[PDB]
Every structure is written in structure tokens, then in C-alpha cells.
Amino acid sequence: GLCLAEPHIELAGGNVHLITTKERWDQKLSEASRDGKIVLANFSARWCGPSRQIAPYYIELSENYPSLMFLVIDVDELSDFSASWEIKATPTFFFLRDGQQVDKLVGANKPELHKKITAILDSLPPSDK
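Residue numbers (the numbering used here): 69 to 197.
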């Protein structure tokens, strides 16, 4: 499920990077671009059950799949930024190469998030593997 667009729990454990400045977004996307990495960007809200639901799995996946750069954006901290990204629901996952969409998942679905991660890494060119 999802919430249409606050207990103290971790959204940014493991290898997940918290994004609550616009510059960190640009810093991380620029790093991923320089390093030829896909970015997984999780736009979440701490008050949203489903965002919290997927959180520990997202964190575990960040440790299983270090080839991908895992971000979490708190939509209530970067609200103007999230609006510009047309976030309608949380959690929304964008898979981004150089900041453009290569895949997308909306909602807290563990099996499909995992499938999308493996598929996207499989389709990397030999130069990027």
C-alpha cells in the first residue's frame, strides 16, 4: 500500500543516505553520475504506515546491493523539492540513471522492489558492471 501525499524509526539505516538538503540530492546524484551508478530514490513520509513498513527491507536491500546508491527523501523536509518531482504518494521509488527515470515503483511492495533492483543491475552495460 501507500499514502496519498511520526514515530522515531530509522528510514536511513544501513547504506541508505538521508536527503534533507537540496545540495545533498545534487551531491549524491553527481557522485552516482561520476561513478556510473544507478540511484534508487525513496520518497517517503515518516507518518505514512507503508513508508515505515518498507523501511527495514529497504535498509537491508541497501546492504545487499551496494552497487546501487540508496537514497531516502523525507517529503516533509524537502516539500517544495518533492512537489517539483510530482510525488503523489509515499513511498515512491524512482530508479534513476543520471537523474532520469529507468524504473519506478509506488507503494510498499517488497518482492517487486527486489525484482526491479536485480533487473536494473542485470541490464547495465559491460562497461558499468
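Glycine included, each C-beta is placed from N, C-alpha and C at the ideal position.
Could you spell out the range, first to last residue, of the alpha helix (DSSP H) harbouring residue i?
i      : result
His182 : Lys178 to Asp190
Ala151 : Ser147 to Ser152
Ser101 : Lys90 to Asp103
Nearest by alpha-carbon distance to residue i: which of the options is it?
i      : options                           : result
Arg165 : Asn83, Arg92 and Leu108           : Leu108
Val140 : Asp103, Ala113 and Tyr133         : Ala113
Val143 : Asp103, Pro194, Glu91 and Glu154  : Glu154
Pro75  : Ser101, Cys116 and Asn110         : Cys116
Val170 : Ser195, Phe149, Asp196 and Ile106 : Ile106
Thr89  : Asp103, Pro159, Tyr133 and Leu146 : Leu146
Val174 : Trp93, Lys184 and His85           : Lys184
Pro194 : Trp93, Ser98, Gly104 and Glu91    : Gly104
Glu91  : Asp196, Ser191, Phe149 and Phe138 : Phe149
Tell me which residue opens and which closes the beta strand (DSSP E) that residue i is part of.
i      : result
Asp171 : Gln168 to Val174
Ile127 : From DSSP, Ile127 is part of no beta strand (DSSP E) but of the alpha helix (DSSP H) over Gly117 to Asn132.
Quick check: does the Cβ of residue i come within less than 6 angstroms of any heavy atom belonging to the ligand ATP?
i     : result
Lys90 : Looking for the ligand ATP in the displayed structure turns up nothing, as the structure carries no ligands at all.
From the DSSP output, read off the bridge partner residues of residue i.
i      : result
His85  : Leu139
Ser112 : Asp142
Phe161 : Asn110 and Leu173
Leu72  : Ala157
What do you reckon, are the CB atoms on residue i and residue j nearer than 7 angstroms?
i      : j      : result
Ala151 : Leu72  : no
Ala187 : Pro118 : no
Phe162 : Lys172 : yes
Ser135 : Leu189 : yes
_Tell me whether the region 124-136 and the region 75-88 touch, counting them as touching only if at least three CB pairs, one residue from each stretch, are closer than 8 angstroms._
yes
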